[PDB]
Structure formats: structure tokens, C-alpha cells
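**Student:** Take this structure first; my questions come after.
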Amino acid sequence: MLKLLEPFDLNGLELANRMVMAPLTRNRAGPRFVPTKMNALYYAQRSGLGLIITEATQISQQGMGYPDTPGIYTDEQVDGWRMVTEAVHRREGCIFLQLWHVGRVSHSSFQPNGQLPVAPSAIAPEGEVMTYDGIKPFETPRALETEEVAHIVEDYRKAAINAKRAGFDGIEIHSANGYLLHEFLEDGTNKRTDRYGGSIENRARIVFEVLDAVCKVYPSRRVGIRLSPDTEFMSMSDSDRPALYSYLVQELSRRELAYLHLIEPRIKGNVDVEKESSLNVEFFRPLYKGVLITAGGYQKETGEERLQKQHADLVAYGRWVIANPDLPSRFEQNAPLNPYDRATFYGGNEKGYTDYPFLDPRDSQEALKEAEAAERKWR
Ligand SMILES: Cc1cc2nc3c(=O)[nH]c(=O)nc-3n(C[C@H](O)[C@H](O)[C@H](O)COP(=O)(O)O)c2cc1C
């Protein structure tokens with residue numbers, strides 16, 4: 001009798017329930033940023049979530065900023081993702097690839113030919129960044145030329161082509177948490193004077209140019225987008241977030257997208273934060289007429305409330321799904337939740353990744369069987 005467990009129709013995609021695996025960077029790609037059988041197992045284990053949004057996946061080496069995240073810009077990478085989508089689909093799951101460009105949240109040691117990370121404007125984020133040779137201060141990034149934006153937009157279009165060939169049901173545009181697109185959206189990071197800076201509609205321009213390009217590949221009802229309307233993560237700031245996101249969301253609503261994915265302000269990227277704000281999903285339900293996914297800090301009870309009060313249509317869980325591959329079944333049965341271990345969120349191997357237990361061992365067996373079958377299919 002939990003609305004969390006009610007099947008949901010996503011414009012032809014028959015989701016098993018109203019719960020979503022939030023996108024989660026795990027830094028466990030194989031060589032050349034290629035997904036592995038072990039990654040296929042991880043997603044196959046979590047196929048019981050109604051919808052699985054993959055970890056952020058860079059559209060280019062220029063768009064990477066952390067070790068061993070997977071890409072979607074080479075055929076080798078596509079072939080690795082094929083194991084993932086095959087195993088998820090053999091378990092009757094649904095999976096969207098999250099397309100990524102870290103913008104200024106990178107280091108030249110990740111970049112082709114030691115180039116600086118690129119950004120709307122040359123403003124470094126505060127603090128330090130993990131590199132192949134340890135922690136380092138951020139560099140001032142290079143501000144993109146006007147004629148380079150169309151080239152980054154085209155990288156998204158090519159990424160969407162590769163996502164479709166890899167067998168993803170859809171794609172999610174990462175426009176949150178301080179990365180390239182979010183940097184363009186906020187006037188604290190966007191100081192451009194050309195047609196991508198200045199007015200609210202110029203700073204949003206790159207998001208709409210990305211959406212136009214990827215909707216030449218997928219139908220718009222298979223394209224989602226993720227926003228963080230009020231976060232300080234990675235040095236973000238903007239002088240009028242209400243007017244920024246109300247506009248952006250109202251314009252997103254007329255685009256007939258798969259969904260809008262909003263992060264609650266009580267999350268600062270990957271951690272909980274003490275924070276008062278009125279730019280939460282309650283505020284954006286009015287302005288968006290499509291499918292609305294709410295994310296960040298939810299438990300069973302608080303997620304159920306959002307659905308019951310119709311403040312959202314779907315609820316995304318991140319850290320709990322890291323630790324509970326069968327989170328819907330645990331909610332349904334009022335079962336204890338495995339605690340999540342932050343120490344193994346990032347990097348490493350099966351430990352803290354595929355070795356969290358199920359309520360039903362046949363669930364683990366079936367995920368292993370499909371991961372192994374998927375590897376044999378796409379050897
Ligand atoms: C370890 C970790 C990795 C994450 N990676 C991503 C990511 O790749 N893309 C993204 O949009 N959000 C990412 N997030 C943010 C989550 O999607 C989610 O918004 C956040 O964990 C809060 O939701 P929760 O309380 O259900 O965990 C990550 C969060 C964590 C903790």
C-alpha cells in the first residue's frame with residue numbers, strides 16, 4: 001500500500017515502481033574508462049528499482065574530472081556499456097545513462113595534452129582536487145570561446161548516439177552539482193558577455209542547445225535532465241535562484257521531456273547539509289507539468305509523503321541504493337536497511353559495491369547469472 005511501490009508508466013516505459021536509483025559516481029571503470037562485467041553485476045543487482053540512472057558518464061576526456069569514471073565517447077566504451085544494459089534488461093529493468101561534462105571541476109592532469117579544464121569563465125572553484133599523483137589545488141580553468149560551445153553541444157549529441165547504440169532506454173543531462181552546464185546557468189560562475197552570458201535566457205541557452213541536439217537522437221520523452229536549484233557544492237552561487245530556476249523549469253515543461261530530476265537543497269553534492277531553503281520540489285511542482293523526480297535525503301516515510309501529497313511522481317534514492325540493491329523489497333516488507341559505508345563509495349572493487357546482501361539470495365543469483373550471460377554475449 002506504499003505509493004512508492006506502485007507501477008508507473010513513463011510514457012511507454014513500464015516501471016516496476018516509483019523508486020529510482022539516483023546517479024552515483026563509483027570510480028570503478030576498467031582501462032580506458034570502459035565498463036566491466038563487475039559494473040554490469042552492480043547495475044543488474046539494482047534492477048528492481050523502477051528506473052536506474054547510471055553514474056555520471058563523461059562525454060569526452062575533456063569532460064572528466066575524477067579517476068576511473070566511465071565514458072561514452074569511444075566504441076570500446078559503448079561495448080562495455082552493452083553488458084550493463086543487457087543485464088539490466090534481462091532482469092526487466094529500465095536504465096538511463098547520465099551524460100556528463102565536469103567543466104571546471106577537473107585538473108589538467110586528466111585533460112588531453114595537459115590542457116586546462118574548460119568553463120564558461122576563468123574562475124577556479126575553491127579547494128582541492130584528487131589527481132593521479134594525489135591531491136592538488138584547483139587551477140583557474142580556461143574560458144570557452146563562443147565558437148567552442150557548439151562543439152561541446154555536438155559532443156553531447158555524439159554521446160547520445162553512443163548511448164542509444166549501447167542500448168540505454170534514455171539519457172539524463174547532468175545540469176547540476178557545479179559541473180559545466182550548472183556553471184553556465186549561475187551568474188556566480190558565468191561572467192560571459194556573449195550570447196551565453198548576461199540574461200537568464202542567455203545563461204540557460206547552452207542547456208537548451210544541448211537538449212535540442214540530443215533530441216535529434218532520442219525522442220524528447222526519453223531525455224531527462226537533472227538540476228540542483230539551491231546548492232553551494234563546488235562553489236556555486238547565483239544572484240537570483242528563484243527567478244533562474246522558475247524560468248528554466250517553466251521552459252523545460254514545454255519541452256515534453258521524459259522528466260525533470262530535482263535535488264533537494266538539503267544535499268550538498270554527496271553529503272547531508274544543514275540548510276534552510278524554499279527551492280525544493282514543492283516549489284517546482286506548480287511550474288512543471290511532466291514527470292517529476294525528487295531526490296536527496298529521503299527515507300521510506302519522507303519519500304512516500306512526497307508521492308502521497310503529489311509533490312513528485314518518482315523518488316530517487318542514492319546512498320540507500322548503494323547499500324540495498326533490493327531497496328523496494330525492503331520497503332515493502334518493512335525490513336531493516338543495510339547501512340551504507342562511505343569509505344567504499346569511491347574507487348576499489350567488489351567490496352562495498354556488489355557485496356551488500358539481499359533479502360532473497362535468488363535475487364543475487366539472478367543478477368550474477370545475467371551479468372555472466374551479458375559478458376558472454378558481448379565478449
Ligand atoms: C557517492 C556518491 C556519488 C554520486 N554521484 C553522482 C553522480 O554521478 N551524478 C549525480 O547527478 N549525482 C551524484 N551523486 C548525488 C546523488 O545522486 C544524490 O543526489 C545524493 O546522494 C543524495 O541522495 P540520497 O540521500 O538518496 O543519497 C552522488 C552521491 C554520492 C553519495
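Just remember, in the C-alpha cells the first chain shown is A, the second B, etc., residues are 1-based per chain, and ligands are 1-based in the order shown.
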Would you list the contacts of residue 110 in chain A as a VMD selection string, taking every protein, DNA or RNA residue within 12 Å and counting only C-alpha atoms, but skipping same-chain residues closer than 4 positions in sequence?

**Tutor:** chain A and resid 58 60 to 69 102 to 106 114 to 118 129 to 133

**Student:** Quick one: residues within 9 Å of ligand 1, with only C-alpha atoms and all ligand atoms, as a ChimeraX atom specification?

**Tutor:** /A:21-26,53-57,69,98,100,173-177,226-228,262-264,266-272,295-299,315-322,342,344-346

**Student:** Select, from A:230, A:19, A:139, A:119, the residue with the minimum atom-to-atom distance to residue 332 in chain A, counting only C-alpha atoms.

**Tutor:** A:19

**Student:** Show me, as a ChimeraX atom specification, the residues that have an atom within 9 Å of residue 284 in chain A when counting only C-alpha atoms, minus same-chain residues fewer than 2 positions from it.

**Tutor:** /A:245-246,249-250,262,279-282,286-288,292,311

**Student:** Taking only C-alpha atoms into account, name the residue in A:328, A:35, A:219, A:134 that is nearest to residue 6 in chain A.

**Tutor:**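 Smallest distance to residue 6 in chain A is found for A:328.
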
**Student:** Got a sec to tell me which of range 126-324 of chain A DSSP assigns to alpha helix (DSSP H), as a PyMOL selection string?

**Tutor:** chain A and resi 146-166+180-185+200-203+205-214+241-253+281-284+300-308+319-323

**Student:** Hey, what's within 10 Å of residue 301 in chain A if we count only C-alpha atoms and toss same-chain stuff fewer than 2 positions away? As an MDAnalysis selection string, please?

**Tutor:** chainID A and resid 2 4 298:299 303:306 331

**Student:** For range 87-92 of chain A, find every residue with an atom within 8 Å (counting only C-alpha atoms), except residues of its own chain fewer than 3 positions away, and show them as a PyMOL selection string.

**Tutor:** chain A and resi 40-41+43-44+47+83-84+95+366-367+370-371+373-374

**Student:** Would you write out those residues with N, CA and C atoms, as a PDB file, in the first residue's frame?

**Tutor:**
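Written output follows (out.pdb):
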ATOM      1  N   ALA A  40      28.403  -4.335 -14.701  1.00  0.00           N
ATOM      2  CA  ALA A  40      27.154  -4.969 -15.123  1.00  0.00           C
ATOM      3  C   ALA A  40      26.472  -5.671 -13.965  1.00  0.00           C
ATOM      4  N   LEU A  41      27.249  -6.381 -13.145  1.00  0.00           N
ATOM      5  CA  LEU A  41      26.683  -7.046 -11.973  1.00  0.00           C
ATOM      6  C   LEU A  41      26.058  -6.027 -11.024  1.00  0.00           C
ATOM      7  N   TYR A  43      24.782  -3.013 -11.592  1.00  0.00           N
ATOM      8  CA  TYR A  43      23.508  -2.488 -12.068  1.00  0.00           C
ATOM      9  C   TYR A  43      22.441  -3.587 -12.138  1.00  0.00           C
ATOM     10  N   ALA A  44      22.819  -4.793 -12.580  1.00  0.00           N
ATOM     11  CA  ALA A  44      21.870  -5.912 -12.578  1.00  0.00           C
ATOM     12  C   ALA A  44      21.342  -6.199 -11.171  1.00  0.00           C
ATOM     13  N   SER A  47      18.391  -3.870 -10.428  1.00  0.00           N
ATOM     14  CA  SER A  47      17.360  -3.785 -11.458  1.00  0.00           C
ATOM     15  C   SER A  47      15.952  -3.691 -10.888  1.00  0.00           C
ATOM     16  N   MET A  83      27.097  -4.592 -21.954  1.00  0.00           N
ATOM     17  CA  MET A  83      26.903  -5.617 -20.937  1.00  0.00           C
ATOM     18  C   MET A  83      25.946  -5.135 -19.869  1.00  0.00           C
ATOM     19  N   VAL A  84      26.074  -3.858 -19.492  1.00  0.00           N
ATOM     20  CA  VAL A  84      25.254  -3.275 -18.431  1.00  0.00           C
ATOM     21  C   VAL A  84      23.796  -3.257 -18.852  1.00  0.00           C
ATOM     22  N   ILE A  95      16.871   1.667 -17.701  1.00  0.00           N
ATOM     23  CA  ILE A  95      18.118   2.337 -17.346  1.00  0.00           C
ATOM     24  C   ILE A  95      18.360   3.503 -18.301  1.00  0.00           C
ATOM     25  N   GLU A 366      20.280 -14.378  -9.612  1.00  0.00           N
ATOM     26  CA  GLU A 366      19.782 -13.971 -10.921  1.00  0.00           C
ATOM     27  C   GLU A 366      20.597 -12.811 -11.482  1.00  0.00           C
ATOM     28  N   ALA A 367      21.015 -11.884 -10.624  1.00  0.00           N
ATOM     29  CA  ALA A 367      21.876 -10.802 -11.095  1.00  0.00           C
ATOM     30  C   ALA A 367      23.227 -11.329 -11.556  1.00  0.00           C
ATOM     31  N   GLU A 370      22.818 -13.028 -15.031  1.00  0.00           N
ATOM     32  CA  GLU A 370      22.632 -12.133 -16.166  1.00  0.00           C
ATOM     33  C   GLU A 370      23.907 -11.366 -16.477  1.00  0.00           C
ATOM     34  N   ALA A 371      24.665 -10.984 -15.441  1.00  0.00           N
ATOM     35  CA  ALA A 371      25.939 -10.327 -15.697  1.00  0.00           C
ATOM     36  C   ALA A 371      26.864 -11.265 -16.462  1.00  0.00           C
ATOM     37  N   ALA A 373      25.903 -13.922 -18.363  1.00  0.00           N
ATOM     38  CA  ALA A 373      25.348 -14.079 -19.706  1.00  0.00           C
ATOM     39  C   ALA A 373      25.616 -12.848 -20.568  1.00  0.00           C
ATOM     40  N   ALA A 374      25.553 -11.657 -19.975  1.00  0.00           N
ATOM     41  CA  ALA A 374      25.784 -10.450 -20.764  1.00  0.00           C
ATOM     42  C   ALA A 374      27.224 -10.387 -21.243  1.00  0.00           C
TER      43      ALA A 374
END

**Student:** Could you name the residues that touch residue 260 in chain A at 8 Å or less, counting only C-alpha atoms, but leaving out those on the same chain fewer than 3 positions away, as a VMD selection string?

**Tutor:** chain A and resid 224 to 227 252 257 290 to 293

**Student:** Using only C-alpha atoms, can you tell me which of A:327, A:122, A:343, A:273 comes closest to residue 357 in chain A?

**Tutor:** A:327

**Student:** What's the separation between CA of residue 11 in chain A and CA of residue 77 in chain A, in Å to one decimal place?

**Tutor:**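 Separating CA of residue 11 in chain A from CA of residue 77 in chain A is a distance of 28.5 Å.
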
**Student:** Between CA of residue 359 in chain A and CA of residue 330 in chain A, what distance in Å does the model show, to one decimal?

**Tutor:**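 One can read the CA of residue 359 in chain A to CA of residue 330 in chain A distance as 7.4 Å.
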